[PDB]
Amino acid sequence: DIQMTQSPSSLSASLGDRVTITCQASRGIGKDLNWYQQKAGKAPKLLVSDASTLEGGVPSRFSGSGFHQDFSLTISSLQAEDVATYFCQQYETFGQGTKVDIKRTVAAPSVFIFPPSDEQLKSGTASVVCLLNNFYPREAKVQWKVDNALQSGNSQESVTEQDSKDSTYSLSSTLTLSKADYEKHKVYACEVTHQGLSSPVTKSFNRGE
Amino acid sequence: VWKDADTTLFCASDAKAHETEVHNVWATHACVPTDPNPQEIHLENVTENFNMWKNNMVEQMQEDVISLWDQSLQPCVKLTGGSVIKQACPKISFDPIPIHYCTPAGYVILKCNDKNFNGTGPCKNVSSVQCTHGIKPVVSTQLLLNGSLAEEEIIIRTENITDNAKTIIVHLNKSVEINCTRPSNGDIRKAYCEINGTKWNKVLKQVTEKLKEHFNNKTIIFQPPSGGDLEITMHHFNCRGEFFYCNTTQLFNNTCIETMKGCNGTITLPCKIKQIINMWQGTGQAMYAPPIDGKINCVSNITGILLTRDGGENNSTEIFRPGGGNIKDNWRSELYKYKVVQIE
Amino acid sequence: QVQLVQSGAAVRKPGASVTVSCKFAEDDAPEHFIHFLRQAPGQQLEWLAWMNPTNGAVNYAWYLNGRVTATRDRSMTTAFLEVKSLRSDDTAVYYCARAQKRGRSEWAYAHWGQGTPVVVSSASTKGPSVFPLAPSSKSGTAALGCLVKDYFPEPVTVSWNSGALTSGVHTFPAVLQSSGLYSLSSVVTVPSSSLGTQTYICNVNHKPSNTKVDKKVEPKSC
Ligand SMILES: *[C@@H]1O[C@H](CO)[C@@H](O)[C@H](O)[C@H]1NC(C)=O
Ligand SMILES: *[C@@H]1O[C@H](CO)[C@@H](O)[C@H](O)[C@H]1NC(C)=O
Ligand SMILES: *[C@@H]1O[C@H](CO)[C@@H](O)[C@H](O)[C@H]1NC(C)=O
Ligand SMILES: *[C@@H]1O[C@H](CO)[C@@H](O)[C@H](O)[C@H]1NC(C)=O
Ligand SMILES: *[C@@H]1O[C@H](CO)[C@@H](O)[C@H](O)[C@H]1NC(C)=O
Ligand SMILES: *[C@@H]1O[C@H](CO)[C@@H](O)[C@H](O)[C@H]1NC(C)=O
Ligand SMILES: *[C@@H]1O[C@H](CO)[C@@H](O)[C@H](O)[C@H]1NC(C)=O
Ligand SMILES: *[C@@H]1O[C@H](CO)[C@@H](O)[C@H](O)[C@H]1NC(C)=O
Ligand SMILES: *[C@@H]1O[C@H](CO)[C@@H](O)[C@H](O)[C@H]1NC(C)=O
Ligand SMILES: [Cl-]
Ligand SMILES: [Cl-]
Ligand SMILES: [Cl-]
Ligand code: NA
Ligand code: NA
Ligand code: NA
Ligand code: NA
């Protein structure tokens, strides 16, 4: 019957900066709160047990504290290895988690558009791919226009983890149409909106050129 | 003045040195005679903190019962991870006697006297004694047998009531008899336990009332165990040296907690005497000879219940299932009101 | 803080069952319980059950409705989680976890298995089609890649030049298509001057269907 309210759900900081995520328990829970770190693709790792106790084999920069109804996990000087998701645990109840990544100077995406292969067209389907390369922050908006007509519902996208070295994200967006529908239009374009872009960038092509 | 401390206790009992019954034999060489004139002193305006869940007296009693069973029980075969040990397996005489735990010089036992003390926290009515009361080392699951009763109201004990991995001990304030019988010359392993249903259902209803106090006011539901070895999915205990396993499905029955016909009256639990058991010491499997002939009968007082509560977020109801398996909890149910301190 | 060893990835039709195993000790004295959890794609960790290896006592999240059973082998070195009547939303990474022996809370999970992917779907095993993402004839650095389309189940591995070309490569997480099949893209940026001289091949490997492809990605000729 207890509720764990964690915050913030996301945050960015520079190398060496201080980071603090907090948990709020709907009821008094003493020190029965554990903290975990989870890196992409891997099992979670226990960082702090019983609220304050730093687990063994865990960097000194990690620190947890609190009692009763208020808790927080802190990282003295954020390092590159600390890019992961962090969450609290109260018995079988988990906090919502907090994604943290390295903060860097805004970087505009390098945008590319690829038309469908002649091979795939024979298969009856047409995939148009739009690549956004090496940008930050991760937040970008990809918009498909077919004959200058905004598309929605026939597109999926995928994003890499933050690259360790340059701290940037890459994103891939795919527009999938039937062959017949694809041959019914000329101009295929993806419009990209990002913070590092003074004005939305549009890459495009005409079918059959 | 004193401070919390651990030390080596010794046990005392009224064992008969001429008896062949195995508890008497153990206590005769392992304990000293009981103190004829035990002294209890009430400490005025003393408030002290007790914690039944972290009380080293429990580990010490556990060592004693393990060694009592190791030298008393005579299985035909013990199987331990690979080694098979075969030996003579004559039937024994078996009936637990009360054991007292006692501090050596320089130490004393503090005793909590608050009627509704739940096992942890401040006690306001404290006294010091040289020895605990007499505690029968009864090994059982699901139901605590032949123990002491809570003084006033039914008590619920847990280290953390909201931790589903923690056992819950229900301390009854009125005993319910359970009368178990393997009748004399059907199948020789088949037995039954009889319980006064009228009396048991009233008590279970009071337990739910008390459980409700700890979980808002949610609906309280009993269910049979979700799984595990037969020693824990059934009410397991030794009677006259035989290992009984009794099905308790009928005992934790929720319709009887309104007037549906047949709630009152005698409840008959089906039981089996097993020759092949898992040893509660935790040392593997053991095999015994078939049961002795004739009537095999054990009348015991139910004085407590071991429960486990279902995990997972639930806002409507709480589900409890009979539990046990960690025999240390049996001792905790009796040692909860004692702690050892060192005299400064 | 040793890792526990879980069984391999499993694929199942809805209605079927799966058994995940978790080795948590060598076969050579209070024992913490083995816990089982799962994490669905882009979801929070979910607790399923604990199992006491000493006597097999168990506790199951009520909402699993008895579909889940935990057991252990005779030597008490390996725990098993069986999930019956699988539905697609049982699809998740399943973990076993355990407290460190000297700790006194059952819930501080110091030891974790590596995780076992369980995929529940009515889709059939199928190898990918691999299409080129040609370097645009619009000329510093140019981008090219391979579209690995319509496979099941996951995963597929992608190399470039037999694994020789690693720098500048971004292989994106697969996406589940409404058809029930996955697709991912792998791209590489390279010097444009290289396009005329350098061969670029993406090596795709889909073990489940025993499918391998070496797709040469060339500039499209008009
Ligand atoms: C568990 O028990 C401790 C005392 O031992 C208490 O402070 C704490 O509130 C409990 N934890 C809960 C309710 O989660
Ligand atoms: C304290 O406890 C004892 C039982 O040991 C009882 O006889 C006595 O009346 C109680 N009263 C108080 C508060 O001293
Ligand atoms: C017992 O009493 C103490 C102090 O009043 C309290 O903190 C603890 O939660 C209680 N235990 C239960 C589960 O009744
Ligand atoms: C036992 O405890 C309950 C309250 O939990 C109380 O109502 C009942 O009267 C008690 N029984 C006796 C005989 O003291
Ligand atoms: C126990 O049950 C047996 C069989 O019904 C009966 O003969 C005996 O009288 C009972 N003992 C007591 C004390 O009720
Ligand atoms: C069963 O228990 C009730 C007390 O709750 C008692 O009134 C009744 O007489 C008992 N039945 C017997 C002793 O046969
Ligand atoms: C106890 O008896 C009930 C009713 O027959 C049965 O369904 C259940 O499986 C039994 N329990 C065990 C552990 O055998
Ligand atoms: C519980 O009691 C009700 C009412 O008498 C009865 O119908 C039902 O069979 C009982 N359940 C069990 C399994 O004993
Ligand atoms: C409980 O005590 C009674 C009375 O001495 C005894 O006859 C019975 O066998 C005991 N039960 C157990 C399980 O030891
Ligand atoms: Cl048997
Ligand atoms: Cl434990
Ligand atoms: Cl435990
Ligand atoms: Na016997
Ligand atoms: Na049952
Ligand atoms: Na066992
Ligand atoms: Na359950």
Side-chain angles (χ1 to χ4, degrees), chain A residues 32 91, chain B residues 53-54 58-59 62 66 69 75 78-81 139 141-143 158-160 163-169 189-193 195 222-236 243-254 267-274 276-287 306 308-309 311 321-329 332, chain C residues 24-25 29-35 50-59 66 69-77 79 97-111:
Chain A
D32 293 332
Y91 301 158
Chain B
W53 303 104
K54 291 182 183 180
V58 166
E59 331 301 313
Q62 173 77 340
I66 282 186
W69 276 57
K78 310 187 193 190
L79 307 76
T80 69
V139 182
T141 56
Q142 293 199 10
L143 311 171
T158 302
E159 189 168 17
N160 280 112
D163 183 337
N164 72 62
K166 299 285 193 180
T167 306
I168 295 166
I169 300 171
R189 299 172 65 219
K190 282 170 188 174
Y192 57 88
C193 295
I195 293 163
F222 292 102
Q223 286 291 271
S226 295
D229 296 341
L230 292 182
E231 288 78 20
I232 62 179
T233 58
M234 312 202 65
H235 169 44
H236 174 65
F243 290 90
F244 276 71
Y245 295 69
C246 299
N247 192 312
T248 64
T249 293
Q250 286 172 107
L251 276 181
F252 302 91
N253 199 19
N254 303 270
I267 297 171
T268 299
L269 305 187
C271 301
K272 195 167 57 168
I273 297 187
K274 280 177 62 56
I276 302 181
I277 70 172
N278 304 307
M279 303 187 277
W280 72 262
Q281 303 100 290
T283 46
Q285 250 189 335
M287 184 177 352
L306 300 169
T308 303
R309 185 183 55 85
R321 307 170 190 268
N326 184 5
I327 307 308
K328 280 179 182 182
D329 296 330
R332 287 183 180 112
Chain C
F24 61 81
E31 294 268 334
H32 287 309
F33 308 154
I34 311 300
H35 291 237
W50 60 248
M51 185 278 301
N52 179 351
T54 297
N55 53 24
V58 288
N59 196 326
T69 304
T71 55
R72 81 286 193 211
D73 62 342
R74 174 178 296 272
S75 74
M76 294 167 181
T77 64
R98 196 184 203 193
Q100 202 272 334
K101 73 190 310 176
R102 294 167 298 114
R104 291 305 161 194
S105 183
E106 183 62 42
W107 301 94
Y109 299 137
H111 306 286

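We name chains A, B, ... by the order of the sequence lines, and we start the count at 1 in each one. One-based numbering, in listed order, for ligands and for the atoms of each. Both backbone and side-chain heavy atoms feed into the values below; hydrogens, waters and symmetry mates do not.
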* Validation row: C/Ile34, C/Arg72 side chains within 4.5 angstrom (heavy atoms) -> no

* Between C/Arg98 and C/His32, is there a donor-acceptor pair closer than 3.5 Å when you use the side chain of the first and the backbone of the second? -> yes

* To do: Spell out, with a plain yes or no, whether B/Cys271 and B/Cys246 have SG atoms under 2.5 Å apart.
  => yes

* Is B/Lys274 positioned over the aromatic face of B/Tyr245, cation under 6.0 angstrom from the ring centre and no more than 45 degrees off axis? -> yes

* For atom 4 (C) of ligand 7, is the nearest protein heavy atom closer than 4.0 Å? -> no

* Describe, in one word, how the ring planes of B/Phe252 and B/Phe222 are oriented to each other, choosing from parallel (under 30°), tilted (30 to 60°) and perpendicular (over 60°). => tilted

* B/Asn164 and A/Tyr91: side-chain donor and acceptor closer than 3.5 Å? -> no

* Asked: Checking side chain to side chain donor-acceptor pair (under 3.5 Å) for the pair B/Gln142/B/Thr248: CA distance, chi angles, key distance, verdict?
  -> CA-CA 9 Å; B/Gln142 293 199 10; B/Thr248 64; 2.6 Å; yes

* Residue and atom name of the nearest protein heavy atom (relative to atom 9 (O) of ligand 7), distance in Å to one decimal -> B/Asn247 ND2, 4.8 Å

* To do: Write out the residue and atom name of the closest protein heavy atom to atom 13 (C) of ligand 7, then the distance separating them to 0.1 Å.
  => B/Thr233 OG1, 3.7 Å

* To do: Could you list which atoms of ligand 7 come closer than 4.0 Å to a heavy atom of B/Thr249?
  => 1 (C), 2 (O), 3 (C)

* Using protein heavy atoms only, decide if any is under 4.0 Å from atom 11 (N) of ligand 7. => yes

* Asked: For the ring pair C/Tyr109 and C/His35, is the centre-to-centre distance below 6.0 Å?
  -> yes

* Protein-derived N, O or S atoms lying under 3.0 Å from the Na ion (ligand 15), waters excluded -> 1

